[PDB]
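Protein chains in written order, with the entry's author numbering: chain H, 2 to 79; chain X, 2 to 78.
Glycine residues also receive a C-beta, built at the ideal position from the N, C-alpha and C atoms.
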RNA sequence: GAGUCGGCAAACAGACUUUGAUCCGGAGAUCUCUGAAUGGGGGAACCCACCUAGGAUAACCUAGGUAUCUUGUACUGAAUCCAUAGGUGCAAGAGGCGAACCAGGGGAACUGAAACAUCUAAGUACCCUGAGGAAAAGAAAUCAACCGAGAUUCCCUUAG
RNA sequence: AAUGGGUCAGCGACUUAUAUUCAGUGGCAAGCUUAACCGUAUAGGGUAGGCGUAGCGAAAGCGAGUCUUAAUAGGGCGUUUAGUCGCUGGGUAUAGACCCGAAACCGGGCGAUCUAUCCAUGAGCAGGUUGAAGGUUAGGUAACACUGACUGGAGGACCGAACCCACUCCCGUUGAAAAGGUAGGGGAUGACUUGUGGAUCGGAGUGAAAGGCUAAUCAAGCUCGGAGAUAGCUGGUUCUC
RNA sequence: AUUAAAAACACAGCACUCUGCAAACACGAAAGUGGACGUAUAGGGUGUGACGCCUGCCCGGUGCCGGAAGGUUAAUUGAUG
RNA sequence: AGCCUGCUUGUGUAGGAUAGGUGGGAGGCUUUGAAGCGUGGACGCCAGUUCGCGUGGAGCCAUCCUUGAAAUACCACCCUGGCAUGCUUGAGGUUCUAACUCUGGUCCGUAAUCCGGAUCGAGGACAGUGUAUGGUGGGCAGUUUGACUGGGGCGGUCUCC
RNA sequence: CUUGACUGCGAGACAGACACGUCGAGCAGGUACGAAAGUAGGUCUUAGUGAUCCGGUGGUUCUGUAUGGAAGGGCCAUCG
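Shown next, in the form of structure tokens:
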């Protein structure tokens with residue numbers, strides 16, 4: 002009932018329509034820009050933007066290549 | 002008061018028939034709760050006291066369509 | 001077209017009217033304070049103000065404004081970047097009263113049942129909210145039986 | 001020696017509507033009659049409908065018959081000569097239904113100027129006693145215990161006026177007074193008394209509690225409505241033969 | 001208040017019991033407010049009623065508190081006939 | 001608890017050795033069916049069976065060969081002891097944050113212990129509320145609680161022979 | 001030996017406010033016994049009981065909300 006927009010969910014995919022609970026669509030996914038309710042009004046707009054899904058979702062895992070190298074330094078003085 | 006801000010469901014009245022069929026005036030209250038609804042086109046939440054039927058109507062029609070004709074009626078949010 | 005200055009209230013004064021009073025109708029002018037009462041208060045008929053314009057000689061006076069809300073619009077702009085809340089100014093409208101009628105919200109009990117609980121009384125009385133001179137309803141997702149009728153309202157029957 | 005009436009003069013109790021039944025009296029008559037409504041409108045029109053001309057059966061139905069029945073038997077009901085619409089009476093139904101009369105129940109207001117509690121802010125308590133704790137001082141003990149003297153001025157302390165109360169008698173009972181007076185009595189620096197303003201209200205308040213109080217009203221205020229509640233009860237019911 | 005001032009109520013003291021704070025509890029269809037701008041030495045309810053000596057037996061009934069988890073058991077489910 | 005895959009594991013009387021069967025099927029010869037004893041992995045209504053045969057490209061179970069209520073080899077269909085897992089669902093526990101809650105802090109509207117908004121914190125899918133439902137419930141309510149009767153109360157009696 | 005502790009009724013009475021109740025010759029259809037007249041519609045007699053409304057069960061010729069059916073209702077028998 003929703004199109005996903007992130008591939009790091011524990012039971013999610015790239016852009017697959019999944020039918021989920023109403024609270025999970027309502028309260029978490031839609032206010033955080035990671036899913037949108039699968040409506041039958043703009044479906045021909047999704048197929049003319051399928052090459053937009055590759056760039057940011059490849060760059061996200063590519064930015065964590067050098068992001069995790071500064072978290073495990075253990076230089077925080079309590 | 003206890004009216005849904007989406008549907009206008011207020012409280013209605015009826016009876017409490019016993020096993021000996023004694024009728025007593027009771028009242029039927031809507032299942033109205035407070036819920037914050039995220040609007041993308043305003044980049045904020047609105048918090049309106051709606052029934053669960055109103056929740057389902059938000060789910061079916063979108064928050065933007067329902068929030069369009071809340072204010073034609075002239076509600077708070 | 002000949003008297004008049006309202007009544008209880010008859011007289012009396014000073015007067016007015018054929019150059020047309022009084023009287024009657026239409027349109028204006030004035031219209032103190034209270035009261036929705038609306039500049040702020042208040043124990044109704046009272047108390048204290050502000051702003052603008054003009055006039056006034058250590059005192060004021062004239063004429064306008066100055067409520068709240070809703071809607072529309074302009075300007076302004078918090079946390080918070082953008083713009084939202086909010087705030088200021090304008091325009092328009094509202095509020096209160098009235099016997100009933102109407103449409104709704106909430107709704108008894110005595111009573112009857114020869115007691116009394118279901119039931120009745122009765123969706124009555126009452127309270128509340130709106131609207132109009134009427135309102136409401138109204139142009140078949142309606143009824144009829146294989147024939148047909150065609151919106152709604154009101155009345156007489158079918159029928160106690 | 002039961003009730004009721006002081007008396008007089010006025011007033012004061014079988015109505016009205018709509019349905020119906022019976023009698024009387026009329027019109028039409030195997031038919032009678034219209035309701036709304038139309039009407040130059042008490043006319044005329046309008047016969048939709050109502051009742052009658054046929055009944056039996058729970059019904060389908062069948063019909064001078066029908067039902068029951070296995071029955072053409074029995075038995076029940078029915079079948080040759082009248083009904084309908086007015087009008088006037090007597091009844092009946094539903095309405096306050098002959099009139100007057102509860103205690104009460106419910107609904108909307110009005111009241112805490114009396115009172116019960118409380119809140120705020122004020123103020124009253126003549127006069128006389130008693131003499132707590134503390135202190136000072138002399139004694140007295142290792143300091144402490146503990147004794148006198150002086151001081152101090154406590155207390156829901158004491159006696160007593162104002163004030164507040166109300167235990168007793170008598171009077172008064174148609175009062176001076178819808179709760180008092182006169183003699184005596186209780187408290188009287190407090191859990192006191194009181195002014196002014198405010199708060200709480202009717203299955204609801206407040207109550208040092210008595211069913212007390214809430215405007216002379218209280219086991220559920222007052223007022224207005226439902227309402228002409230209801231009354232198998234009481235009282236009354238008017239001229240003549 | 002207006003026939004009962006008392007032996008009645010109150011009372012200091014006592015005990016039981018509730019309540020960890022947005023307290024138990026009360027008035028409020030609710031918001032709120034009191035409790036309380038308090039906090040278990042506090043606050044509510046209840047009974048007893050200074051003080052002195054004391055306050056015996058009973059847990060069957062009924063309540064209150066705790067306990068397994070066996071039977072029963074409501075809406076809702078909807079197998080099967 | 002529902003479903004599927006290869007379906008491998010069937011050890012009774014008697015059968016060397018196996019019974020849950022249904023059809024093509026009478027011989028298995030794809031390194032035969034690598035074989036006599038047998039290494040190890042499993043289990044056995046226990047000495048019954050599978051694969052690396054100890055080595056190797058080798059005739060064993062003899063397909064009625066007996067026997068047994070149906071025989072093994074061929075090859076298709078399912079289930080049963082059930083191996084495994086997902087396609088699911090139902091009850092618990094723990095955790096998370098994002099709904100929700102806060103009669104917590106701090107900003108802001110604002111000169112406000114209200115109320116919103118933002119943010120931080122804390123709890124947390126609990127709490128709580130709506131609706132349905134069982135339980136408790138004189139806290140409150142509308143009522144009922146018979147007549148006769150040598151007055152009433154008590155006892156007795158109410159219908160029938 | 002056997003079911004007359006029958007089915008349909010029922011002339012006429014008794015009792016009686018009503019609802020109830022009591023007795024019953026005879027007729028039809030089928031049966032018991034008896035050779036046959038005939039007796040047999042319970043028991044020598046009078047107590048042994050309970051209205052309606054609700055429901056249950058078995059029939060049915062009836063109805064059956066447009067129609068064909070059902071549902072529900074009606075009548076008949078019966079139970080609580």
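Task: First through last residue of the beta strand (DSSP E) which encompasses residue 4/H - done: Segment 3-5, the beta strand (DSSP E) holding residue 4/H.
TODO: Give the DSSP-derived three-state secondary structure of residue 22/H in the structure shown.
DONE: coil
Open item on the list: Here's the rule: buried if 16 or more other CB atoms are within 10 angstroms of the residue's CB, otherwise exposed. What is residue 67/X?
Closed with: buried
Open item on the list: How far does the beta strand (DSSP E) with residue 76/H in it extend, from its first residue to its last?
Closed with: No beta strand (DSSP E) holds residue 76/H; DSSP gives it neither H nor E.
Open item on the list: Tell me the DSSP secondary structure of residue 71/X in three-state form.
Closed with: helix
- [ ] Assign residue 52/X to buried or exposed, taking buried as 16 or more other Cβ atoms, counted over all protein chains shown, within 10 Å of its Cβ.
- [x] So residue 52/X ends up on the buried side.
- [ ] Output yes if chain X places a C-beta closer than 9 Å to the C-beta of residue 13/H; else output no.
- [x] no
Open item on the list: Distance check for residue 73/H and residue 49/H, CA to CA, integer angstroms please.
Closed with: Within the model, the alpha-carbon separation for residue 49/H versus residue 73/H is close to 42 Å.
- [ ] Could you spell out where the alpha helix (DSSP H) holding residue 55/X opens and where it closes?
- [x] Run containing residue 55/X: 53-62, per the alpha helix (DSSP H) assignment.
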